[PDB]
Every structure is written in C-alpha cells, then in structure tokens.
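Chemist: Dropping a structure here in structure tokens format, bear with me for questions.
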Amino acid sequence: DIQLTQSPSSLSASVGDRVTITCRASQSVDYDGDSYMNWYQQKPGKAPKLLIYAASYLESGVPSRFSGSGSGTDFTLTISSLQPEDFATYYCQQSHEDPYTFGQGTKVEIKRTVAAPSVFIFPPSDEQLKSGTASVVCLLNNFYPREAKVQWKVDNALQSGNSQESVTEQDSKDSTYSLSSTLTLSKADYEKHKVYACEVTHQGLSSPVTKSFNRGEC
Amino acid sequence: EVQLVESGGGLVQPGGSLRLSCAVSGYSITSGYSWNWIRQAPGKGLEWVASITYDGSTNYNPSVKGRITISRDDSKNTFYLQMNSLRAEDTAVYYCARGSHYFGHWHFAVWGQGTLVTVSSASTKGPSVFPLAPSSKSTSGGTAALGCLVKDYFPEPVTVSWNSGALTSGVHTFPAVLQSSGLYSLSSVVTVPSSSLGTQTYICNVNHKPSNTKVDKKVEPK
C-alpha cells in the first residue's frame, strides 16, 4: 500500500507563529493534473475534520489561515498564524488508491506564557469509605507548561507507589493544562493517620505549594 | 444538517462478532457517493476498513478483509459494519464516514461521532460515583473547585456533564486511568464562584452505557 509519513510527529509553537506540517507519500498520488492528498484536523474527543482536499483546496467553512500545497509524493499543510483553537492532531490522507491511508499524525500544541496552577485537595467522601476504600484527590488547575510535580504526604511520610495521575489535553479556551492525582488507601490505613497533604512543584511557583487537610478536624 | 449517529459499540469477547450501525438524518443515504467505516486505535492512527458505493459495490482493507462485511438498508437510511473472529487488535474507536462526488471521491467530509469497541474477556462493571466536596470554606471568598469521582468501571467509556449540559465553562473531565484492579477510574471537576456554593445547585451527569448505569450526583459543601 501507500504509506504516508508526517513530520514532525510533535511540535509546540507560540501563538500567532507560522506552522508548517509535512507529509511524504511512499508513491506519487498524482492523477491527471490533480494531486490526491487530503488533510484533517482532529480535536480531543471529536471526529477528524476535513480541512483541505486534493492537496490545495480549502474545504468550505474552514478558516483561510489553513492552506495546502505540494504534488507527487511531497505535501505541506500551512497554518499562517497559529491560533489557540488550533490545538489538534493533524493527519494527511491519500485518496489515490485503496486502501486509503493516513499519516501517523502530528500533534500541535500552543506555547503560551507561564501560568501557575490553582491547587485543590479533596478528602474521600463518607459514602466511599463504607465500601472499604479511600480515594484522596489533588487537583492542579489551569497551568502551563505541562510539567508539574505532585508529592503525597501522610503525617509527613512521603507516599510512593500508591498514587496515579492524569492530565487533560490542552484547553483551547486558554492553552492551559489541568492535572488530577489520586491517592488510594485502604479504609483501615486511612483511619490510622491524621494529616493528609498534597505538595505541588511547578515552574510558575517560586517555591512548592502545599494543600492539606486533617481527617479528623475541619 | 447531515448527521451520522453510531450504535453497537461496547464490549466484545475474543472470537465474538460485532455489528455497528450508522443512522443518517437530514440526508438520503442513497445520495451519498460512498459510505465508509474508519477506525482509530491508540498508536495505530486512522485506518479505513470498508466502503460501499452508491451502486452497491463494496471494498475492504486487506488488513481485515474476509472477516468483515459492509452493507446497507436503504429503507431505514442506515448502513452497517459486521465483523467476526474479533481479536484484541480490533479494539478501536469506529467512525462512519461519507465519501465525496468530487475530486477523486475518497476523502471524508462528514463523520459520525465514533463509537468504541473493546475486545476483552472481562465482564462489564458499572461505576461508583462519589462527591469531591468543596472548600470547607473558600479561600478569600474566591474561586472554588468541586467535582465527581467515577470509580471502578469497565469497559470504557463514561461520559460526564454538569447540570444537564448547562454548565460547560470551567469544566475539566480527565482521561480515565486503568487501575491495577483492571478497572478504570476517572474524575471530573468544575471551578465556580464560591459565593454561589450556597445558591447554585451543581449536579454531575454520569453515564456508563455498557453497564446501563446512569447517575446524577449533587455535590455540595460538607
């Protein structure tokens, strides 16, 4: 079949900057003057969206900052000026021969200004406790860049191995990330201590921020 | 406008078979140049698997061909994907899509929303939904955070919405994590004015279709 390769696989760029993505096809997709390469945009949780078809024609309804060029085996998608809404994975697709094939995808992220996270901590609910398990949750909200560090402490003992964390995709509203960390303990273990703390490290923090609660008192 | 709505997704046993449907509205299925199934697995990118043309001609990707059938039912304005002898490799989100009458046809302007197919021996399991309670009190009577914890379900996906879709701003719904139990766990949070905690009702909407579980959980200050 025809294999398509995009480059880069990943990029990050300042708002407003010109962004170009390349697609190379293993064989020519040209047919009688036309070049059958297509581009899609796929945002988190949504279907891919057709931007460009036949290599250069802008699909109805798509903003004019998107343009396509190329011919034969080499094609380029250009965003003249990257807007916050344009966070997505971009795919090329050849329509010259079946099986119709897609590139491996290019992730485009917006590089915004540094923003510190807002930090929140949540005790487990009483409702959950009766099931025999306790989940403690730490929220890091609306920050940039994506790199952040969460440390769990239980009566000042550093917790390792009993947490998992998750990060949202970049929010197009403001180009920030949010992060969730969950500490899981048995009910018996949870009831054996008093002080639960979440210590957060991040570039926009001049020193680490800590949010905590007492399981007893409040 | 033209809309494609998928059904048939969910959990499937290894060796078992799947039947997906794509219901079309605002458009006659007979007017499409072609209708297509396209799937998307992690690290697999997007893969076209089948097409049916306006005259009834079918075509398949050899990477799955022989154990795959595309068909249509003109009178229900619906078309179908049938696959059997399913493997783990076949776990993916499946999209239906419409081809074009122009410019070589085989680009896809109109897509359904996608439905997830999970191939596993495990059984379905509905989630527990727990409150992430707010503040105790606000900091500086400022912005407060609240949420819902959706724990111990299988397979994916769950959807979460707040106040029946009337609250979208400031909402974050995290990707699920797979726990070592083999069950998924997810939290959803929203940030709101703390002066509203006493006057505004906040309800998270949790739906796990594979287990037929819907829950509405009010979250408020403890």
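Residue numbering restarts at 1 for every chain of the structure tokens, chains are lettered A, B, ... in their displayed order, and ligands are numbered from 1 as they appear.
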Using DSSP on the backbone coordinates, identify the residues of stretch 23-123 of chain A assigned to strand (DSSP E); present them as an MDAnalysis selection string.
Modeler: chainID A and resid 23:25 30:31 34:35 37:42 49:53 57:58 66:71 74:79 88:94 101:102 106:111 118:122
Chemist: Would you pick out the contacts of residue B:73 at 12 Å or less, using only C-alpha atoms, so that residues sharing its chain but fewer than 2 positions from it are not included, and give the list as a list in words?
Modeler: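 Contacts, with the query itself left out: residues 21, 22, 23, 24, 28, 29, 30, 52, 56, 70, 71, 75, 76, 77, 78, 79, 80 and 81 of chain B.
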Chemist: Could the residues in this selection be saved with N, CA, C and O atoms as a compact mmCIF listing (two decimals), in the first residue's frame?
Modeler:
```txt
# COMPACT_ATOMS: atom_id res chain seq x y z
N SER B 21 -24.00 0.10 13.45
CA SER B 21 -24.90 0.76 12.53
C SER B 21 -24.59 2.25 12.51
O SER B 21 -24.11 2.79 13.49
N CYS B 22 -24.85 2.90 11.38
CA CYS B 22 -24.67 4.34 11.30
C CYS B 22 -25.97 4.94 10.78
O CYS B 22 -26.28 4.82 9.59
N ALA B 23 -26.74 5.58 11.65
CA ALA B 23 -28.01 6.17 11.24
C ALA B 23 -27.86 7.58 10.71
O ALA B 23 -27.39 8.48 11.41
N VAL B 24 -28.31 7.78 9.47
CA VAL B 24 -28.18 9.06 8.80
C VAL B 24 -29.48 9.87 8.84
O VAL B 24 -30.56 9.35 8.54
N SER B 28 -30.38 11.75 2.43
CA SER B 28 -30.69 10.41 1.94
C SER B 28 -29.41 9.62 1.76
O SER B 28 -28.47 10.08 1.12
N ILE B 29 -29.39 8.41 2.31
CA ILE B 29 -28.21 7.56 2.25
C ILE B 29 -27.91 7.23 0.78
O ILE B 29 -26.77 6.98 0.40
N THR B 30 -28.97 7.21 -0.03
CA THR B 30 -28.86 6.84 -1.43
C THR B 30 -28.20 7.95 -2.24
O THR B 30 -27.86 7.76 -3.41
N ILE B 52 -18.91 1.35 0.79
CA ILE B 52 -19.98 0.92 -0.09
C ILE B 52 -20.37 2.08 -1.00
O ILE B 52 -20.63 3.19 -0.53
N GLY B 56 -23.90 0.05 -4.81
CA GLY B 56 -23.86 -1.18 -4.04
C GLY B 56 -22.54 -1.92 -3.97
O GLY B 56 -22.41 -2.90 -3.23
N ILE B 70 -19.57 -4.97 4.98
CA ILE B 70 -20.27 -3.70 4.94
C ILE B 70 -21.54 -3.92 4.12
O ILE B 70 -21.53 -4.61 3.10
N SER B 71 -22.64 -3.33 4.57
CA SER B 71 -23.91 -3.46 3.88
C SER B 71 -24.77 -2.24 4.13
O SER B 71 -24.42 -1.39 4.95
N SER B 75 -34.03 1.55 3.29
CA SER B 75 -35.34 1.92 3.84
C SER B 75 -35.30 2.43 5.28
O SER B 75 -36.25 3.07 5.74
N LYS B 76 -34.22 2.15 5.99
CA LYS B 76 -34.00 2.70 7.32
C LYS B 76 -33.00 3.85 7.32
O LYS B 76 -32.71 4.42 8.37
N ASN B 77 -32.47 4.17 6.14
CA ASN B 77 -31.46 5.21 5.99
C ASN B 77 -30.27 4.96 6.90
O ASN B 77 -29.76 5.87 7.56
N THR B 78 -29.84 3.71 6.92
CA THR B 78 -28.80 3.26 7.83
C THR B 78 -27.87 2.34 7.05
O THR B 78 -28.30 1.64 6.13
N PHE B 79 -26.58 2.33 7.40
CA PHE B 79 -25.69 1.30 6.89
C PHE B 79 -24.90 0.68 8.03
O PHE B 79 -24.83 1.23 9.12
N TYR B 80 -24.32 -0.49 7.76
CA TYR B 80 -23.85 -1.38 8.82
C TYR B 80 -22.43 -1.86 8.60
O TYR B 80 -21.94 -1.92 7.47
N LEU B 81 -21.77 -2.21 9.70
CA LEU B 81 -20.48 -2.87 9.65
C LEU B 81 -20.61 -4.15 10.47
O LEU B 81 -20.97 -4.11 11.64
```
Chemist: Return the neighbours of chain B among the residues of chain A, cut-off 7 Å, counting only C-alpha atoms, as a list in words.
Modeler: residues 36, 38, 46, 47, 50, 54, 95, 99, 100, 101, 102, 104, 105, 120, 122, 125, 128, 166, 167 and 168 of chain A
Chemist: Print the selection's residues with N, CA, C and O atoms to a file, as a tab-separated table (two decimals), in the first residue's frame.
Modeler:
```tsv
chain	number	residue	atom	x	y	z
A	36	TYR	N	-4.00	13.91	-5.20
A	36	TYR	CA	-5.00	13.42	-4.25
A	36	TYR	C	-4.43	13.23	-2.85
A	36	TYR	O	-4.33	12.11	-2.35
A	38	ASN	N	-5.04	14.72	1.18
A	38	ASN	CA	-6.04	15.42	1.99
A	38	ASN	C	-5.51	15.68	3.39
A	38	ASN	O	-4.66	14.94	3.88
A	46	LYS	N	-13.33	14.57	19.41
A	46	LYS	CA	-14.14	14.84	18.23
A	46	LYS	C	-13.67	14.00	17.04
A	46	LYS	O	-12.54	13.52	17.01
A	47	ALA	N	-14.56	13.82	16.06
A	47	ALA	CA	-14.20	13.25	14.77
A	47	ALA	C	-13.14	14.11	14.08
A	47	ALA	O	-13.09	15.32	14.30
A	50	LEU	N	-12.31	17.56	7.99
A	50	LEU	CA	-11.64	17.82	6.72
A	50	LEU	C	-11.31	19.30	6.58
A	50	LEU	O	-12.19	20.15	6.66
A	54	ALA	N	-7.63	17.39	-2.17
A	54	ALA	CA	-6.93	17.48	-3.45
A	54	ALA	C	-5.70	18.38	-3.32
A	54	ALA	O	-5.35	19.11	-4.25
A	95	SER	N	-5.87	9.66	-1.29
A	95	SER	CA	-7.07	9.07	-1.86
A	95	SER	C	-6.84	8.60	-3.29
A	95	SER	O	-7.78	8.55	-4.09
A	99	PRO	N	-5.92	0.38	-0.28
A	99	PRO	CA	-6.54	1.00	0.89
A	99	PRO	C	-6.12	2.45	1.08
A	99	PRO	O	-4.94	2.77	0.96
A	100	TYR	N	-7.08	3.31	1.38
A	100	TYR	CA	-6.81	4.71	1.65
A	100	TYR	C	-6.08	4.79	2.98
A	100	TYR	O	-6.49	4.17	3.96
A	101	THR	N	-5.00	5.55	3.01
A	101	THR	CA	-4.11	5.50	4.15
A	101	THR	C	-3.81	6.87	4.74
A	101	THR	O	-3.79	7.88	4.03
A	102	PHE	N	-3.59	6.89	6.05
A	102	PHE	CA	-3.36	8.11	6.80
A	102	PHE	C	-1.92	8.18	7.28
A	102	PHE	O	-1.28	7.15	7.48
A	104	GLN	N	0.85	9.21	10.30
A	104	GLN	CA	0.81	8.80	11.70
A	104	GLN	C	0.31	9.91	12.62
A	104	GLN	O	0.06	9.68	13.80
A	105	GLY	N	0.16	11.12	12.09
A	105	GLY	CA	-0.42	12.20	12.86
A	105	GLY	C	0.60	13.16	13.44
A	105	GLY	O	1.69	12.76	13.86
A	120	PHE	N	-6.09	22.37	44.61
A	120	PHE	CA	-7.18	21.99	45.49
A	120	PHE	C	-7.02	20.56	45.98
A	120	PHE	O	-6.55	19.69	45.23
A	122	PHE	N	-8.99	17.23	48.10
A	122	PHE	CA	-10.29	16.69	48.48
A	122	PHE	C	-10.16	15.43	49.31
A	122	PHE	O	-9.53	14.47	48.89
A	125	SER	N	-14.98	10.85	50.34
A	125	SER	CA	-16.33	11.01	50.86
A	125	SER	C	-16.67	9.91	51.85
A	125	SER	O	-16.11	8.81	51.77
A	128	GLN	N	-17.99	6.69	50.03
A	128	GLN	CA	-16.94	5.77	49.59
A	128	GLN	C	-16.34	4.93	50.71
A	128	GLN	O	-16.10	3.74	50.53
A	166	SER	N	-3.43	11.96	36.16
A	166	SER	CA	-3.99	12.09	34.83
A	166	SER	C	-3.99	13.55	34.40
A	166	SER	O	-4.18	14.44	35.22
A	167	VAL	N	-3.75	13.79	33.11
A	167	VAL	CA	-3.71	15.16	32.61
A	167	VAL	C	-4.68	15.36	31.45
A	167	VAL	O	-4.78	14.51	30.56
A	168	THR	N	-5.38	16.48	31.45
A	168	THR	CA	-6.27	16.81	30.34
A	168	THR	C	-5.45	17.18	29.12
A	168	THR	O	-4.26	17.49	29.23
```
Chemist: Mind checking which residues fall within 8 Å of residue B:218, counting only C-alpha atoms, ignoring those fewer than 4 positions away in the same chain, and posting them as a list in words?
Modeler: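 Result of the neighbour search: residues 131, 201, 202, 203 and 204 of chain B.
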Chemist: Only N, CA and C atoms, please: the residues just picked out, written as a PDB file, in the first residue's frame.
Modeler:
```pdb
ATOM      1  N   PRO B 131     -18.772  12.136  45.553  1.00  0.00           N
ATOM      2  CA  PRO B 131     -18.590  13.587  45.554  1.00  0.00           C
ATOM      3  C   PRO B 131     -17.160  13.992  45.907  1.00  0.00           C
ATOM      4  N   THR B 201     -27.231  25.028  42.466  1.00  0.00           N
ATOM      5  CA  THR B 201     -27.139  23.579  42.559  1.00  0.00           C
ATOM      6  C   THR B 201     -26.200  23.038  41.488  1.00  0.00           C
ATOM      7  N   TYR B 202     -25.299  22.148  41.895  1.00  0.00           N
ATOM      8  CA  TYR B 202     -24.386  21.506  40.957  1.00  0.00           C
ATOM      9  C   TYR B 202     -24.546  19.990  40.926  1.00  0.00           C
ATOM     10  N   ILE B 203     -24.875  19.474  39.746  1.00  0.00           N
ATOM     11  CA  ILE B 203     -25.125  18.053  39.562  1.00  0.00           C
ATOM     12  C   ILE B 203     -24.279  17.539  38.412  1.00  0.00           C
ATOM     13  N   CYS B 204     -23.468  16.520  38.674  1.00  0.00           N
ATOM     14  CA  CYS B 204     -22.762  15.837  37.600  1.00  0.00           C
ATOM     15  C   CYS B 204     -23.489  14.717  36.864  1.00  0.00           C
TER      16      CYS B 204
END
```
Chemist: For stretch 106-113 of chain A, work out the shell of residues within 6 Å, counting only C-alpha atoms and skipping chain neighbours fewer than 5 positions away, then give it as JSON, numbers by chain.
Modeler: {"A": [9, 10, 11, 12, 13, 14, 87, 88, 89, 90]}
Chemist: For N, CA, C and O atoms, I'd like the residues from the last selection saved as a compact mmCIF listing (two decimals), in the first residue's frame.
Modeler:
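Written file, again_10.txt:
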```
# COMPACT_ATOMS: atom_id res chain seq x y z
N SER A 9 6.46 14.66 14.29
CA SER A 9 5.39 13.90 14.92
C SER A 9 4.72 14.76 15.98
O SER A 9 3.58 14.51 16.37
N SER A 10 5.45 15.77 16.44
CA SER A 10 5.01 16.62 17.53
C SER A 10 5.66 17.99 17.42
O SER A 10 6.84 18.09 17.08
N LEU A 11 4.91 19.05 17.70
CA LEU A 11 5.51 20.37 17.77
C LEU A 11 4.75 21.29 18.71
O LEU A 11 3.57 21.08 19.01
N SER A 12 5.44 22.33 19.16
CA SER A 12 4.88 23.32 20.05
C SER A 12 5.32 24.68 19.57
O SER A 12 6.50 24.91 19.33
N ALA A 13 4.37 25.61 19.45
CA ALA A 13 4.68 26.90 18.85
C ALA A 13 3.93 28.04 19.52
O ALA A 13 2.84 27.86 20.05
N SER A 14 4.55 29.21 19.50
CA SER A 14 3.98 30.40 20.11
C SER A 14 2.76 30.84 19.32
O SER A 14 2.74 30.70 18.10
N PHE A 87 -5.13 23.79 18.46
CA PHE A 87 -4.62 22.60 19.13
C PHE A 87 -5.36 21.37 18.64
O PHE A 87 -6.58 21.28 18.77
N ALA A 88 -4.61 20.41 18.10
CA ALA A 88 -5.18 19.22 17.49
C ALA A 88 -4.08 18.28 17.00
O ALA A 88 -2.91 18.64 16.99
N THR A 89 -4.47 17.07 16.60
CA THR A 89 -3.58 16.22 15.84
C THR A 89 -4.00 16.34 14.38
O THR A 89 -5.18 16.22 14.06
N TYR A 90 -3.03 16.57 13.50
CA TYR A 90 -3.31 16.74 12.08
C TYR A 90 -2.92 15.50 11.29
O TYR A 90 -1.83 14.96 11.48
```
Chemist: List as a list in words the protein and nucleic acid residues near residue A:18, meaning an atom at most 9 Å away when only C-alpha atoms are counted, but skip any in the same chain fewer than 6 places from it.
Modeler: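 So, after excluding close chain neighbours, the residues are residues 78, 79, 80, 81 and 82 of chain A.
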Chemist: Export N, CA, C and O atoms of the chosen residues as a CSV table (one decimal), in the first residue's frame?
Modeler:
```csv
chain,number,residue,atom,x,y,z
A,78,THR,N,-0.1,24.3,5.8
A,78,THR,CA,0.4,25.5,6.4
A,78,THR,C,-0.7,26.2,7.2
A,78,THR,O,-1.8,26.5,6.7
A,79,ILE,N,-0.4,26.5,8.5
A,79,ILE,CA,-1.2,27.5,9.3
A,79,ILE,C,-0.4,28.8,9.3
A,79,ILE,O,0.6,28.9,10.0
A,80,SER,N,-0.9,29.8,8.6
A,80,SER,CA,-0.2,31.1,8.5
A,80,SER,C,0.1,31.7,9.9
A,80,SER,O,1.1,32.3,10.1
A,81,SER,N,-0.9,31.6,10.8
A,81,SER,CA,-0.8,32.2,12.1
A,81,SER,C,-1.5,31.4,13.2
A,81,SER,O,-2.7,31.4,13.2
A,82,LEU,N,-0.8,30.6,14.0
A,82,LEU,CA,-1.4,29.6,14.8
A,82,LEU,C,-2.3,30.3,15.9
A,82,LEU,O,-1.8,31.1,16.7
```
Chemist: Find the residue from A:64, A:6, A:135, A:26 that sits nearest to residue A:163; use only C-alpha atoms when measuring.
Modeler: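 Of the candidates, the smallest distance to residue A:163 is held by A:135.
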Chemist: With distances taken over only C-alpha atoms, which of A:22, A:203, A:212, A:42 is nearest to residue A:153?
Modeler: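 Looking only at the distances to residue A:153, the closest residue turns out to be A:212.
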Chemist: Report, in Å with one decimal, the straight-line distance from atom CA of residue A:145 to atom CA of residue A:116.
Modeler: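 Going from atom CA of residue A:145 over to atom CA of residue A:116, I get 8.8 Å.
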Chemist: Taking only C-alpha atoms into account, which of B:171, B:98, B:82, B:198 comes nearest residue A:171?
Modeler: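 The closest residue to residue A:171 is B:171.
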Chemist: Using only C-alpha atoms, can you tell me which of B:54, B:153, B:94, B:37 comes closest to residue B:213?
Modeler: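 Smallest distance to residue B:213 is found for B:153.
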